[PDB]
Structures are given as C-alpha cells and as structure tokens.
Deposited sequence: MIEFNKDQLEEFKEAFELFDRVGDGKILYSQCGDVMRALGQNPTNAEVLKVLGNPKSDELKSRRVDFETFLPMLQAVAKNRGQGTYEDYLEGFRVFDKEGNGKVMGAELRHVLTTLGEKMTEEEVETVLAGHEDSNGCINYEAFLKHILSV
C-alpha cells in the first residue's frame, strides 16, 4: 500500500520523489504532521534543497514510521459561548493568518457547504468529516 503511493508522486522516473513532496506523501497515507514536524525529519534545509534534492522509498520509510507515534479541543478554543458552534469567518481568518498559514483556496475547499445561514459551523460533525 505504501509502495503504490510513493510511486504515484515520482513525476520523472528516477525512482525518487522530491524533498518538498515528502510531507504530501505522508499525509496521503493517513498521517497528520505539521509543516515543522516534517521539516525536522527532513534535515531542516534551505529553499535550495527543498526544490532540488530527491529521496527513495527505502530512505523514506524511516520518516513515515518516525511520524507514526483531542483534535476536538482545538475547535473548542474558538467557541466563544461553549455552544458547539464556531464562526466560519473567524475560522477562515485564523487559518489564513495564524500558525502555519493556509491559502484562501485551501480553506475555501474544506469549508464549502459546512457553513449555515448564520455563518456558523457545527464543529463536531465538521471534524468527523475531515477524519
């Protein structure tokens, strides 16, 4: 299963996916690391190496296992009343400006259809959808 994934991300033929693609692959296989957590295991390089160096599935397996060793409490922080809802506009703002910033498009993709007519998201059901 892990092999069928690694091969699909090689877009050249050298039996190797790019360094910047390593996070994308771990997430494809069901892991949820932060950008800094993947940048730890991959040497913490500069902008030169991220868009150049390449690694094989043999040298990539000890990274996938390294990352593989609640989420509801994250959402509950932006629930200002404790009432099971968060404002989608506040969630769009913080996801695009705080932490490991996401683009407008990425957030718009995951949030579309989950906002009610008062601008609220019922986050227990949203969390189960994104798991």
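Spell out the unmodelled ranges of the deposited sequence for me, N- to C-terminal, numbering from the first residue. Those stretches are 1-10, 80-87, 150-151, listed in order.
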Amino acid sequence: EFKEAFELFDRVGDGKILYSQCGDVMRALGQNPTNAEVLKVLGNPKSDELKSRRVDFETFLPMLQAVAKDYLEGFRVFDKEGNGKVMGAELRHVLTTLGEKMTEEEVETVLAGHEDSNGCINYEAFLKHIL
From here on, numbers count along this sequence of modelled residues.
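If you average the Cα B factors in the entry, which is higher, 110-118 or 9-17?
According to the PDB entry, the answer is 9-17.
As stated in the PDB record, which stretch has the larger average Cα B-factor, 54-62 or 77-85? Stretch with the higher mean C-alpha B-factor: 54-62.
Practice prompt. Between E90, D48, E105, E100, let me know which has the highest C-alpha B-factor in the entry?
Written response: Spelled out: the listed residue with the top C-alpha B-factor is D48.
Largest Cα B-factor, entry values, listed residues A68, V94, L29, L72: The C-alpha B-factor peaks, among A68, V94, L29, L72, at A68.
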